[PDB]
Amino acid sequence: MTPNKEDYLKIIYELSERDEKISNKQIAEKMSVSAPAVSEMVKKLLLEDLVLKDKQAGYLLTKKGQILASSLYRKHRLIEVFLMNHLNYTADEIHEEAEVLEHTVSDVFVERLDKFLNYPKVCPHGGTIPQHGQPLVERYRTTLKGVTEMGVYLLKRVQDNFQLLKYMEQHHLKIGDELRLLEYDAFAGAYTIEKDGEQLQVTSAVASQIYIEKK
């Protein structure tokens, strides 16, 4: 399974939403591909008018890239809803399968599978599923990192991230869980939360990949 150039658009998409920038080598890392590989992908994306090199902000999406990225998100999430709920895929299995299929599936297939799934609006990660030709506008944008108010929160959405999956397994975190934010340990650099009468410190690194909402 080899991710094509287009997957760079999906990573740039969320980075732009979170309003932060990393190097192409760091993007290549989380993309599980060589650095010189991403350089060739971005090279192709520039020629095909999918991204532009901004003087200051780095690499940005063109309107053509937003559309193609929004389209990939809908197909990716619609496919993993089917794989998990119908074909009985586990969370650690869905990504690689939904990845190959999002590049080899007709619009008719996609827009009929939608009807088949009764028009789901969120994937197993809690990410919004936009309608045909609609730009992806996430329902859940609030990241635990930066959160000021203490009290009870609900875990509504997490990133499509294998490592984050294993973190949530070894800590028993599920979408929909009530976790009480006690404080932000400045010294530790971790948000201290309480779940089921058990304290856990969440490093701000992890806290940035999680989305919450208050009761």
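When you see a residue number, it is the position in the sequence shown, counting from 1.
Student: Report the stretch with the higher mean CA temperature factor, choosing between 170-178 and 31-39 on the basis of the entry.
Tutor: Averaging CA B-factors over each stretch, the winner is 31-39.
Student: Going by the B-factors listed in the PDB entry, is the mean over the C-alpha atoms higher for 47-55 or for 64-72?
Tutor: It is 47-55 that shows the higher mean C-alpha B-factor.
Student: Within this chain, which third does the Cα B-factor at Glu138 fall in: lowest, middle or highest?
Tutor: According to the entry, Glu138 has a C-alpha B-factor in the chain's middle third.
Student: Ranked by Cα temperature factor within the chain, is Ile22 in the lowest third, the middle third or the highest third?
Tutor: For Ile22, whose C-alpha B-factor we compare with every modelled residue in the chain, the answer is the highest third.
Student: Ranking every modelled residue in this chain by its Cα temperature factor as given in the entry, which third contains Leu164?
Tutor: Ranked within chain, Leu164 CA B lands in the lowest tercile.
Student: Looking at the C-alpha B-factor of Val202, is it in the lowest, middle or highest third of its chain?
Tutor: CA B-factor rank for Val202: lowest third.
Student: Compared with the other modelled residues in the chain, in which third is the CA B-factor of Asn85?
Tutor: Lowest third.
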